[PDB]
Amino acid sequence: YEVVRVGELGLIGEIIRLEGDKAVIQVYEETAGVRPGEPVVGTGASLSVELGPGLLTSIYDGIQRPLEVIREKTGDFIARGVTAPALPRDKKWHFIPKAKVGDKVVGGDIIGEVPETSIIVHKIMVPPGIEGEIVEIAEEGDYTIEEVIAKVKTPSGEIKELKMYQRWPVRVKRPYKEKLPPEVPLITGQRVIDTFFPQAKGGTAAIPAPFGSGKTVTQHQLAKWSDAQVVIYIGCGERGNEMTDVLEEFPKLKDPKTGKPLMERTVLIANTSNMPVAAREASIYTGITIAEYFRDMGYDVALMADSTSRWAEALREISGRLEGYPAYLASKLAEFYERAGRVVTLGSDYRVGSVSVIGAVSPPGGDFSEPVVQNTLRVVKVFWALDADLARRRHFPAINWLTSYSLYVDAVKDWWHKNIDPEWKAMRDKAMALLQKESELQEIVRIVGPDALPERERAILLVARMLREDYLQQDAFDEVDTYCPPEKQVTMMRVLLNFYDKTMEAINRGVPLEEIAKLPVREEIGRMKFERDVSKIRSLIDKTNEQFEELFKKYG
């Protein structure tokens with residue numbers, strides 16, 4: 001029977017995988033009445049989630065139960081899911097009709113709006129699989145969630161009652177018209193990511209995060225700055241005290257785009273050591289379903305996971321197929337990541353939404369082993385490799401620029417070219433080439449020393465250092481450098497690559513490198529990340545050109 005008293009698992013009778021509470025079984029595999037077994041009843045209903053006004057600001061567990069006890073013993077802020085309505089049946093929501101009696105609707109059609117928080121307008125949609133005519137629609141006014149707000153007559157004549165919320169099975173991906181090819185970058189405002197290791201809207205990203213590599217900071221930067229309207233965050237149980245910081249500090253966190261509380265565009269799914277192992281398995285399906293629901297409205301959603309240890313827990317089996325553990329994890333994680341994407345949503349109007357997945361992978365269990373690695377190597381398209389040595393050298397964000405990668409560079413380049421700068425791809429490739437040349441040089445120098453370096457090679461190291469310090473390094477704590485707009489990124493890059501071109505030109509005309517290193521403009525370039533006016537940054541190109549001219553006219 002295994003872990004039973006406070007669990008959720010429901011495979012003890014005859015048929016395969018099922019789940020429930022107090023042996024009251026919900027469906028994933030087909031049921032056949034009162035199952036031959038123990039006291040077990042059955043509901044016919046599936047492992048599902050409730051989707052409507054009430055999701056935002058809320059903290060749930062892996063099956064969308066709101067979290068209870070603040071504290072009971074010396075353990076402050078230790079919580080689990082209490083059996084209660086996922087959406088407050090108590091509160092009145094302001095409904096605004098966007099459809100009229102007589103209108104033809106299909107699944108995904110928006111029939112009303114509800115201002116949920118001061119940030120997010122909740123779009124009231126027709127549930128998937130419901131078609132027909134609005135024969136009845138609520139007027140503008142305040143309604144609780146159970147109140148019928150519209151009636152639809154299907155083509156059969158069957159009358160369907162629509163509320164402000166809908167239900168969806170957590171293990172079935174919410175349908176859409178078309179999954180669009182990766183195309184539009186999810187702009188993080190972090191230079192090293194947007195430039196060298198871009199995330200696409202609808203893309204899949206992992207963050208390998210060894211202890212003490214600035215993971216929390218990076219995660220926070222991504223959550224608050226990425227141009228997704230809604231964040232679905234899964235974790236808060238990786239550190240023993242993580243739940244306390246989340247319960248105490250999360251309502252204090254600000255969305256810097258609006259000034260309003262960040263919690264007003266966020267939904268939290270908490271996984272902890274006290275919670276049943278089954279409410280941690282289903283957790284990522286609960287999260288992605290809720291993410292899918294918001295993209296169906298036309299929002300870009302960021303699904304962020306930082307729940308490696310509590311999620312990675314194992315469970316024993318005896319029967320024949322047990323087909324392996326590294327394959328039990330491989331089919332599971334793939335079907336999760338498979339649900340990421342930018343889509344043409346359901347609805348009569350042309351509409352687009354996305355779920356971008358950013359999954360933290362930080363194992364305190366030794367190394368990045370098979371329980372995390374090459375079961376994903378195909379499916380995750382971007383890796384931001386946090387590096388403890390880089391953190392020790394105080395290079396922040398501590399993203400290793402040699403072991404990180406994105407397979408979205410070619411997918412997003414046209415967006416950058418068309419909207420921001422026609423030379424974006426040429427410039428990042430050039431900058432990367434320089435960083436890779438630097439890396440090769442540093443290794444040769446380690447072996448043989450820097451004494452016999454020619455001017456040209458010294459120049460390359462000089463400019464690579466400027467790239468690392470003036471561009472790759474970014475200050476999350478600074479009021480200006482905490483976010484770098486696309487136009488600032490390309491302009492800083494131009495400044496730097498122009499300085500490179502002029503440096504190599506100068507060496508090639510007999511100018512000594514010491515003269516180039518002491519150039520006044522160099523140190524202004526060192527501070528351009530702190531400048532908010534992009535035209536002042538841009539002016540450094542002409543300033544660079546002119547100071548190099550003075551060097552040329554005194555030499556040749």
# chains A, B, ... in the order shown; residues from 1 in each chain; ligands from 1
call {"tool": "residues_around", "arguments": {"residues": "range 250-254 of chain A", "least_positions_apart": "6", "cutoff": "12 Å", "atoms": "only C-alpha atoms", "output": "list in words"}}
result
residues 56, 57, 58, 59, 119, 220, 221, 223, 224, 225, 233, 236, 242, 243, 244, 260, 261, 262, 263, 264, 265, 266, 267 and 268 of chain A
call {"tool": "residues_around", "arguments": {"residues": "residue 230 in chain A", "least_positions_apart": "3", "cutoff": "8 Å", "atoms": "only C-alpha atoms", "output": "ChimeraX atom specification"}}
result
/A:265-266,294,299-302
call {"tool": "residues_around", "arguments": {"residues": "range 540-547 of chain A", "least_positions_apart": "3", "cutoff": "7 Å", "atoms": "only C-alpha atoms", "output": "JSON, numbers by chain"}}
result
{"A": [495, 498, 499, 521, 537, 550, 551]}
call {"tool": "residues_around", "arguments": {"residues": "residue 412 in chain A", "least_positions_apart": "4", "cutoff": "8 Å", "atoms": "only C-alpha atoms", "output": "list in words"}}
result
residues 182, 183, 184, 185, 198, 200, 408 and 416 of chain A
call {"tool": "atom_distance", "arguments": {"atom1": "CA of residue 360 in chain A", "atom2": "CA of residue 492 in chain A"}}
result
29.2 Å
call {"tool": "select_by_dssp", "arguments": {"residues": "range 135-258 of chain A", "states": "alpha helix (DSSP H)", "output": "PyMOL selection string"}}
result
chain A and resi 191-196+215-225+242-249
call {"tool": "atom_distance", "arguments": {"atom1": "CA of residue 361 in chain A", "atom2": "CA of residue 335 in chain A"}}
result
17.5 Å
call {"tool": "select_by_dssp", "arguments": {"residues": "range 347-402 of chain A", "states": "strand (DSSP E or B)", "output": "PyMOL selection string"}}
result
chain A and resi 352-361+382-383+386+399
call {"tool": "write_last_selection", "arguments": {"atoms": "N, CA, C and O atoms", "output": "PDB file, in the first residue's frame"}}
result
ATOM      1  N   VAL A 352      -2.980  35.363 -30.371  1.00  0.00           N
ATOM      2  CA  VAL A 352      -1.716  34.684 -30.100  1.00  0.00           C
ATOM      3  C   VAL A 352      -1.324  34.827 -28.633  1.00  0.00           C
ATOM      4  O   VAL A 352      -1.438  35.902 -28.045  1.00  0.00           O
ATOM      5  N   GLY A 353      -0.904  33.712 -28.044  1.00  0.00           N
ATOM      6  CA  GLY A 353      -0.422  33.675 -26.677  1.00  0.00           C
ATOM      7  C   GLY A 353       0.733  32.698 -26.587  1.00  0.00           C
ATOM      8  O   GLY A 353       0.987  31.944 -27.537  1.00  0.00           O
ATOM      9  N   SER A 354       1.438  32.702 -25.457  1.00  0.00           N
ATOM     10  CA  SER A 354       2.589  31.821 -25.294  1.00  0.00           C
ATOM     11  C   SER A 354       2.808  31.379 -23.865  1.00  0.00           C
ATOM     12  O   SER A 354       2.439  32.077 -22.915  1.00  0.00           O
ATOM     13  N   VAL A 355       3.423  30.211 -23.729  1.00  0.00           N
ATOM     14  CA  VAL A 355       4.014  29.790 -22.472  1.00  0.00           C
ATOM     15  C   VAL A 355       5.491  29.515 -22.719  1.00  0.00           C
ATOM     16  O   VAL A 355       5.849  28.639 -23.513  1.00  0.00           O
ATOM     17  N   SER A 356       6.338  30.301 -22.062  1.00  0.00           N
ATOM     18  CA  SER A 356       7.780  30.088 -22.073  1.00  0.00           C
ATOM     19  C   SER A 356       8.146  29.384 -20.775  1.00  0.00           C
ATOM     20  O   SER A 356       7.716  29.802 -19.692  1.00  0.00           O
ATOM     21  N   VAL A 357       8.911  28.302 -20.888  1.00  0.00           N
ATOM     22  CA  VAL A 357       9.341  27.542 -19.716  1.00  0.00           C
ATOM     23  C   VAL A 357      10.803  27.832 -19.359  1.00  0.00           C
ATOM     24  O   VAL A 357      11.700  27.710 -20.199  1.00  0.00           O
ATOM     25  N   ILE A 358      11.022  28.238 -18.110  1.00  0.00           N
ATOM     26  CA  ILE A 358      12.365  28.405 -17.559  1.00  0.00           C
ATOM     27  C   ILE A 358      12.497  27.511 -16.328  1.00  0.00           C
ATOM     28  O   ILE A 358      11.946  27.809 -15.271  1.00  0.00           O
ATOM     29  N   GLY A 359      13.214  26.401 -16.487  1.00  0.00           N
ATOM     30  CA  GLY A 359      13.366  25.414 -15.424  1.00  0.00           C
ATOM     31  C   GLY A 359      14.727  25.446 -14.759  1.00  0.00           C
ATOM     32  O   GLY A 359      15.751  25.228 -15.406  1.00  0.00           O
ATOM     33  N   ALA A 360      14.735  25.723 -13.457  1.00  0.00           N
ATOM     34  CA  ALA A 360      15.963  25.687 -12.675  1.00  0.00           C
ATOM     35  C   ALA A 360      16.338  24.246 -12.373  1.00  0.00           C
ATOM     36  O   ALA A 360      15.487  23.435 -12.009  1.00  0.00           O
ATOM     37  N   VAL A 361      17.616  23.935 -12.558  1.00  0.00           N
ATOM     38  CA  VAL A 361      18.150  22.624 -12.220  1.00  0.00           C
ATOM     39  C   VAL A 361      19.344  22.816 -11.285  1.00  0.00           C
ATOM     40  O   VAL A 361      20.470  23.080 -11.724  1.00  0.00           O
ATOM     41  N   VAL A 382      17.539  26.001 -24.733  1.00  0.00           N
ATOM     42  CA  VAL A 382      18.444  27.002 -24.173  1.00  0.00           C
ATOM     43  C   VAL A 382      18.912  26.675 -22.750  1.00  0.00           C
ATOM     44  O   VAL A 382      18.125  26.272 -21.887  1.00  0.00           O
ATOM     45  N   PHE A 383      20.214  26.844 -22.548  1.00  0.00           N
ATOM     46  CA  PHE A 383      20.900  26.553 -21.294  1.00  0.00           C
ATOM     47  C   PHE A 383      21.632  27.791 -20.807  1.00  0.00           C
ATOM     48  O   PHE A 383      22.560  28.262 -21.470  1.00  0.00           O
ATOM     49  N   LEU A 386      24.840  28.676 -14.975  1.00  0.00           N
ATOM     50  CA  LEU A 386      25.372  29.404 -13.823  1.00  0.00           C
ATOM     51  C   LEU A 386      26.624  28.715 -13.311  1.00  0.00           C
ATOM     52  O   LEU A 386      26.685  27.485 -13.232  1.00  0.00           O
ATOM     53  N   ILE A 399      26.703  33.689 -15.638  1.00  0.00           N
ATOM     54  CA  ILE A 399      26.393  32.806 -16.746  1.00  0.00           C
ATOM     55  C   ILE A 399      27.656  32.551 -17.567  1.00  0.00           C
ATOM     56  O   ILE A 399      28.214  33.469 -18.172  1.00  0.00           O
TER      57      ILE A 399
END
call {"tool": "closest_residue", "arguments": {"among": "A:71, A:392, A:160, A:153", "to": "residue 247 in chain A", "atoms": "only C-alpha atoms"}}
result
A:71
call {"tool": "atom_distance", "arguments": {"atom1": "CA of residue 450 in chain A", "atom2": "CA of residue 496 in chain A"}}
result
23.8 Å
call {"tool": "residues_around", "arguments": {"residues": "range 102-116 of chain A", "least_positions_apart": "2", "cutoff": "7 Å", "atoms": "only C-alpha atoms", "output": "PyMOL selection string"}}
result
chain A and resi 53+93-100+118+120-135+296+346-348
call {"tool": "residues_around", "arguments": {"residues": "residue 16 in chain A", "least_positions_apart": "5", "cutoff": "12 Å", "atoms": "only C-alpha atoms", "output": "PyMOL selection string"}}
result
chain A and resi 9-11+27-32+35+319+321
call {"tool": "closest_residue", "arguments": {"among": "A:421, A:414, A:349, A:524", "to": "residue 177 in chain A", "atoms": "only C-alpha atoms"}}
result
A:349
call {"tool": "closest_atom_pairs", "arguments": {"of": "range 339-409 of chain A", "to": "range 438-449 of chain A", "cutoff": "12 Å", "atoms": "only C-alpha atoms", "output": "tab-separated table"}}
result
residue	atom	partner	partner_atom	distance
A:400	CA	A:439	CA	11.7
A:401	CA	A:439	CA	10.3
A:402	CA	A:439	CA	8.6
A:403	CA	A:439	CA	11.9
call {"tool": "closest_residue", "arguments": {"among": "A:394, A:538, A:163, A:465", "to": "residue 491 in chain A", "atoms": "only C-alpha atoms"}}
result
A:538
call {"tool": "closest_residue", "arguments": {"among": "A:148, A:454, A:66, A:174", "to": "residue 162 in chain A", "atoms": "only C-alpha atoms"}}
result
A:148
